[PDB]
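Chemist: Here goes the first bit of my complex:
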Amino acid sequence: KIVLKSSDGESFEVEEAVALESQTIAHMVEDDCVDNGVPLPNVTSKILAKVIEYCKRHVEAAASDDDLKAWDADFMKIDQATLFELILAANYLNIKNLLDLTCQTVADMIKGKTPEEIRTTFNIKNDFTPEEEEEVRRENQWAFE
């Protein structure tokens, strides 16, 4: 049992092998700061909660796949701002299952969309001068790839 202290003073009681999914929390039982609980003040408490939920479930691949892509897909039914905070969090800790998976999840949102549809569904302002847009479009369609 290990204590994780969120970025707004919020202790979290979590099991051994759950907290170890994060190689950042694992490389931190060497110089064990665990004496006062692992201080991670870059994860919101709301987010850290969601991270632990994910790790909890994946560790329960002890009883040994089909139902996982189900829970995972349902886990991702969140909003953008929260999806992005998870990515930042998986990177801050070091949860590769949460990185080759969160990054792939965002990439799956881009795949197939057009440039307009992309900045639509991410709310991004097209800041190209029309000359720039044209050069890039020409390069893309006449020359490269």
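Modeler: The structure has been received and is ready for your questions. Numbering: from 1, shown residues only, chains lettered A, B, ... in the order given.
Chemist: How is the residue sitting nearest the centre point of chain A assigned, secondary-structure-wise?
Modeler: By Cα atoms, centre = their mean, chain A has its centre lying nearest to residue A:87, at 2.3 Å. Secondary structure state of residue A:87, per DSSP: H, G, I helix; E, B strand; the rest coil, is helix.
Chemist: ok, the closest residue to it other than its chain neighbours - contacts?
Modeler: Among residues not flanking residue A:87 along the chain, residue A:102 sits closest, at 4.7 Å (Cβ to Cβ, 6 or more residues apart in numbering). For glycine as for every other residue, the C-beta is placed from the backbone atoms N, C-alpha and C. When contacts are counted by Cβ atoms under 8 Å, 6 or more residues apart in numbering, residue A:102 touches A:83, A:86-87, A:90.
Chemist: And the residue nearest to the centre of chain A, how close does it get to residue A:104?
Modeler: As judged by Cβ to Cβ, to the nearest Å, residue A:87 and residue A:104 stand 11 Å apart.
Chemist: Could you look up the next helix or strand downstream of the one helix or strand residue A:12 maps to?
Modeler: Secondary structure assignment for residue A:12, by DSSP states H and E: strand A:11-14. Remark: after strand A:11-14, the chain's next helix or strand is helix A:16-19, criterion DSSP H and E.
Chemist: hang on, the earlier thing: from the contacts of residue A:102, pick the one nearest residue A:3.
Modeler: Lowest distance from residue A:3 to those (Cβ to Cβ) belongs to residue A:90, with 20.4 Å.
Chemist: then chain B, please:
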Amino acid sequence: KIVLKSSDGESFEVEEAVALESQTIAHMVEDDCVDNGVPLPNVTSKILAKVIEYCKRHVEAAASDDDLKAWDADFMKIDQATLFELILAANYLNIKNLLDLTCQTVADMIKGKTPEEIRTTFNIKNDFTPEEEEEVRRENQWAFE
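Modeler: Just below you will find chain B, in place on the chains above:
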């Protein structure tokens, strides 16, 4: 009574008017994050301790000077690396008594010394080309000040 959470998960029970010496901890009872204790993850727990000690004593100028310059001088009988960490901390919080005092304490180490004595007692490598050193020395003695 307010809780200060150090940068390694270390709760600190401290009085009202003591924690208020820091305008950083004071401007933080408006949007009161105090709900979970004030999260200040940039001060080592060893340092924060020393900061609170200083504030504790100065607030006891309620019973109303001579003995203060005594405690203060004795409080500063520390090592360089620690003196510097106090400065950084007084700046991080916002304790003008402790910044006008730590900065003044480091300045008192420079005052009167020669350029050699200075980098001696701070271990700083003289990286001037001899031309540079000469121009600066000439400016200083022939022209400016």
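Chemist: Please re-evaluate the contacts of residue A:102 in the presence of chain B.
Modeler: A:83, A:86-87, A:90 (Cβ atoms under 8 Å, 6 or more residues apart in numbering or on different chains).
Chemist: got it, and residue A:87?
Modeler: Residue A:87 neighbours (Cβ under 8 Å, 6+ apart): A:99, A:102-103, A:106.
Chemist: re earlier: return the distance of the residue nearest to the centre of chain A relative to residue A:43.
Modeler: Distance of residue A:87 to residue A:43, given as Cβ to Cβ: 12 Å.
Chemist: Likewise for residue A:56?
Modeler: To residue A:43, residue A:56 is 16 Å away according to Cβ to Cβ.
Chemist: if you count what's nearby, which of these two comes out ahead?
Modeler: residue A:43 (24 against 14; other Cβ atoms under 10 Å in any protein chain shown).
Chemist: my guess is the more buried one meets residue A:49, correct?
Modeler: No - using Cβ atoms under 8 Å, residue A:43 is not in contact with residue A:49, being 9.3 Å away.
Chemist: got a list of what residue A:4 touches?
Modeler: A:11-12, A:14, A:19, A:25, A:37-38, A:40, A:48, A:52.
Chemist: out of those residues, which are buried?
Modeler: A:12, A:14, A:19, A:25, A:37-38, A:40, A:48, A:52 (16 or more other Cβ atoms under 10 Å in any protein chain shown).
Chemist: Report the entries of the residues you listed that also contact chain B.
Modeler: A:37-38 (Cβ under 8 Å from any Cβ of the partner chain).
Chemist: for the buried ones among the contacts of residue A:4, which one is nearest chain B?
Modeler: The closest of the buried ones among the contacts of residue A:4 to chain B turns out to be residue A:37 (Cβ to the nearest Cβ; 4.5 Å).
Chemist: while you're at it, add chain C from this line:
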Amino acid sequence: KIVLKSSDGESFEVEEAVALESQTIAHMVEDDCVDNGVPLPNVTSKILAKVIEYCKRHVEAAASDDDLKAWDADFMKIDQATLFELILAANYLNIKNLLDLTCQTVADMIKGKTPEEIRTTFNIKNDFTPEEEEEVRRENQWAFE
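Modeler: Below, chain C sits with the chains from the block before:
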């Protein structure tokens, strides 16, 4: 304990923090003339006594308001010539508190009165040519304020 020498050779034994209510007497413990007592020969001894009485009582806001506006109001039950000499004295020393009461007392005499009633109750000769008075009256009633 500090000595204040009035403008008719009259030593006054007064406490530390009492004499310090005057920033004029305070900025005079730097270049400490206190060696021979602070020489202030522009305050009558009768007046300086009243000044000290005021400072004495206000410094006893150590034991921490309602009863002060009472003593203050009763302190101002004096005659004009004496009120004025207090103002001049509060300005000579530098007692910001003391001046806010005497000055306000004089101002309360003016408030509500007409220009005739004012010079009546202060014995002031109206020295306006009738053109001047008229311009001023027109400006005041037709244009400004």
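Chemist: The contacts of residue A:87 again please, chain C included this time.
Modeler: Contacts of residue A:87 (Cβ under 8 Å, 6+ apart): A:99, A:102-103, A:106.
Chemist: Would you check how far apart it and residue A:29 are?
Modeler: The value you get for residue A:87 to residue A:29, if Cβ to Cβ is used, is 25 Å.
Chemist: circling back: compare the contacts of residue A:87 and tell me which has the most neighbours.
Modeler: Within the contacts of residue A:87, neighbour counts (other Cβ under 10 Å) peak at residue A:102, which reaches 21 neighbours.
Chemist: Name the residues that touch stretch A:74-86?
Modeler: Stretch A:74-86 is touched from outside by A:44, A:47, A:50-51, A:53-54, A:98, A:102, A:105-106, A:122, with contacts defined as Cβ under 8 Å, 6+ apart.
Chemist: number of nearby residues for the residue of chain A found nearest chain B?
Modeler: At 3.2 Å from chain B, residue A:9 is the closest residue in chain A, using Cβ to the nearest Cβ. Here the number of neighbours of residue A:9 (other Cβ under 10 Å) works out to 19.
Chemist: Next: residue A:55.
Modeler: 23.
Chemist: Which neighbouring residues are in contact with the closest residue to it other than its chain neighbours, exactly?
Modeler: Counting by Cβ to Cβ, 6 or more residues apart in numbering or on different chains, residue A:55 lies nearest to residue A:21, which is 4.2 Å off, once chain neighbours are set aside. Each residue near residue A:21 by Cβ under 8 Å, 6+ apart is listed here: A:55, A:58-59, A:93, A:95, A:97-98.
Chemist: ok so, going back, does anything pack onto the strand holding residue A:12? Which helices or strands?
Modeler: Contact analysis of strand A:11-14 by 3 or more Cβ pairs under 8 Å, 6 or more residues apart in numbering or on different chains; DSSP states H and E lists strand A:2-5, helix A:45-59 as its packing neighbours.
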